[PDB]
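A.B. asks: In order, the protein sequences belong to chains M and M'. A prime marks a further copy of an entry chain. Under the authors' numbering, the residue at position 24 of the first sequence is numbered 416, and the numbers go up by one with no gaps. Under the authors' numbering, the residue at position 27 of the second sequence is numbered 419, and the numbers go up by one with no gaps. Quick one: this structure, given as structure tokens, is what I'll be asking you about.
Number of protein chains: 2
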Amino acid sequence: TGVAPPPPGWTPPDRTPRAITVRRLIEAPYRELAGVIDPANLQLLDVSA
Amino acid sequence: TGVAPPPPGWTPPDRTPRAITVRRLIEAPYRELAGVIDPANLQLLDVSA
Numbered sequence: 393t394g395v396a397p398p399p400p401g402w403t404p405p406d407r408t409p410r411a412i413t414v415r416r417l418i419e420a421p422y423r424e425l426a427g428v429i430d431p432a433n434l435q436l437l438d439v440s441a
Numbered sequence: 393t394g395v396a397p398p399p400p401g402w403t404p405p406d407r408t409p410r411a412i413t414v415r416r417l418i419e420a421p422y423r424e425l426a427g428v429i430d431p432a433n434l435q436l437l438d439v440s441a
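Below, the structure written as structure tokens:
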């Protein structure tokens, strides 16, 4: 025959999870602990926490 | 013609949010704070809170 069938099917999504390339680790300063931890528990926190 | 078509369609619900007419503001007494706040944080609360 002359005609040919082209690819178009469903084109499944390519989820295939990849590893994260951009990232970072940090230490939480007192600013967040002040606003996310209640005073009663915060005051008992030692300086080395 | 003689016959006429009456309204009945779907009668869409009238959601159309309105403003609240009845309301009030209050100050929470110690009764609720006692039962909703743990003792450790409550005891540190000043008298002016």
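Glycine included, each C-beta is placed from N, C-alpha and C at the ideal position.
Against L436 (chain M'), what residues of chain M qualify as contacts under a CB-to-CB distance less than 7 Å, listed in chain order?
C.D. replies: Ordered by position in chain M, the residues that pass the 7 Å Cβ test against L436 (chain M') are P431, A432.
A.B. asks: So, at 8 Å on beta carbons, what are the nonlocal neighbours of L434 (chain M') in its own chain, with the 5 sequence-adjacent residues on each side left out?
C.D. replies: For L434 (chain M'), where only same-chain residues beyond five positions count, the Cβ hits under 8 Å are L425, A426.
A.B. asks: Quick check on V414 (chain M): does DSSP put it in helix, strand or coil?
C.D. replies: Three-state result, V414 (chain M): coil.
A.B. asks: Starting from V428 (chain M'), follow the alpha helix (DSSP H) in both directions and report where the run begins and ends.
C.D. replies: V428 (chain M') -> alpha helix (DSSP H) spans 422-428.
A.B. asks: Just verifying my parser: in three-state terms, what is the DSSP assignment at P431 (chain M)?
C.D. replies: In this structure, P431 (chain M) counts as helix in the three-state DSSP scheme.
A.B. asks: Quick check: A441 (chain M) and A432 (chain M'), are their CB atoms within less than 8 Å of each other?
C.D. replies: In this structure, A432 (chain M') does not lie closer than 8 Å to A441 (chain M) by Cβ.
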